[PDB]
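These notes are about the structure you will find just below.
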Ligand SMILES: [Zn+2]
Ligand SMILES: [Zn+2]
């Protein structure tokens, strides 16, 4: 209700000796509590909108302008007949990776090929260093220059 | 540290994967610490393999599979019915037999005619949208046939049957059924849905407000509203700490006012006669 | 300790004081108080701007609307109205009316269309309400919100530069992408500052 | 152009002494204005206060 300790007390009006102290009390309560504290809680709420929107925008731009598993940043695939739109679909599609994980799981622990044994060795026992962390075999050129 | 490229046949079990969980795993995974999404992807890969096993096992259900396909339809019917029946219980609670026609039914009759005209205009222009408008018009017409209490009882019975057939759809559409009973008891959304069912049943039985409670619990679900509530609640510890700061500050001001301005604390009041 | 001892001895309130001093310590509460106090010089300067602006409005109100400054009052027994002309009483009445909604409205005499001074009174009321109550209070709260924005920006920049770069080494964690020396062991085994200490 | 003017005015020095400490004049004017506004604020019934 607005002023705070004002408009509910007795309103001394200039006759009592306690008038100046009452005015100071009223104005000081109104300033610190009603301005600063309520403005602090609402500044906290607005700041949380700012942080949440910043997180969402960062997540969306890093989801759209970079590759998945591959990790590249979509400016490396500017030329040389392998663009990003088919690098996502045909080269580093994660659905093919899930297909490979379930192919390792379903198959009968024998009579499979070479790389599947290596992958199943890295899956069952230990870590995940068989993923293409930052390399894609499309940025690399021919080795004729050193040869 | 050399890189290969292998081509393999896709397993026949991978085609039993839904589009919803597909989009969920595409949009939900996050970079753990070293700018990489691999670690959470492997754990949800194991969970996805278990989910595809459950989906392949449940494909031979089909009546249960037919029930579990159209769960968004059950959710939409439950939500629209809850909103409509909250609107009916809001406008009319003196009840004691409201069907007396003390100039209310004439205005209600004109409102029903206008609503029927608007529903006809909506069905004419927007033919593909507004399937629930016909059901709302039929429910409004049933209010003119029988009393408000039988209509409310019918709507409550339809709501509880829709919820009890939606729970079976939700149980079927998840793999927690065969892991045991404590596994689905430990689930959070399952507990929320059973709380919703208990609230709906107790509203049908005991004193019949309770639909405001389920309305709050169900409208609170949607994504943008949940986003703004996540904005008010994600940093809740500073908010409660500065609320405690306000509390101690007004405690100090109360101490000072009690100390000196003790006789200036009179307040206006009107008493009720005995 | 002195506050606690004096509370045990003398008149025993004092625990509100030590409670304030001790709850004020914790990190997130100290962070929001640092948001209100880190840019305190603009806040006190625009408070002084509010003070001189209401001093100007008090001057104008004393000049023309001198007899419209009556206020309701109830006296304590040992006409329920009073009028003040001292220009300290005018300034304190105007700071009394600085809060409570409209401002100079709902405390003065409300002339209502009969006096020739009606249009000037309406202009005075509306102009006070607009400039002071909208603009100045919105300025102090915009300053506070801007200080939250700056403080959060500084904290985020500090955290990302602490996590995504090396310490003493100075590199930016994208140089260690390959070639058998990654950043996670470059921090621990090569450029650990504890080995430097 | 400003350095040309400064070189020409270096031979003033009494005017140059006046022009050196202009921040002092500004500070004196501001403090005096604030103080005399405080005095004219608190006491205006005057009629021989
Ligand atoms: Zn890739
Ligand atoms: Zn290094």
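Every number in this text was worked out from the coordinates using simple rules, so none of it is lab data. Every residue, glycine among them, receives a Cβ derived from its backbone with ideal geometry; neighbour counts consider all protein chains shown.
Considering only C-alpha atoms, what is the centroid distance from segment A:105-138 to segment B:167-229, in Å?
42 Å
Mean shadow of chain D, computed from the convex hull of its alpha carbons, in nm²?
Values: hull surface 21.7 nm².
Projected area, direction-averaged: 5.4 nm².
Can you tell me the relative contact order of chain A? Whole percent, Cα pairs under 8 Å, sequence separation 6 or more.
Numbers: 54 pairs, mean separation 28.3, N = 147.
The value is 19 percent.
Per the Kirkwood treatment, what hydrodynamic radius in Å, one decimal, follows for the protein assembly as shown from the mean inverse distance over all distinct Cα pairs?
On the way: mean 1/r = 0.0289 Å⁻¹.
After inverting the pairwise mean of 1/r, the radius is 34.7 Å.
Relative to the longest principal Cα axis of chain A, at what angle does helix A:114-124 sit, 0 to 90 degrees, rounded to 10?
That helix lies at roughly 30 degrees to the long axis.
Arrange the following residues from fewest to most other Cβ atoms within 10 Å of their Cβ: A:137, B:71. Write down the numbers at each step before the final one.
Numbers: A:137 11, B:71 16.
Fewest to most other Cβ atoms nearby, the residues stand as A:137, B:71.
Tell me the Rg and the Dmax, in Å, that the Cα atoms of segment B:1-87 produce.
Computed over the Cα atoms of segment B:1-87, radius of gyration and Dmax are 19.0, 67 Å.
Could you tell me the distance between the Cα centroids of segment C:63-128 and segment A:1-67, to the nearest Å?
Cα centroid of segment C:63-128 versus Cα centroid of segment A:1-67: 27 Å apart.
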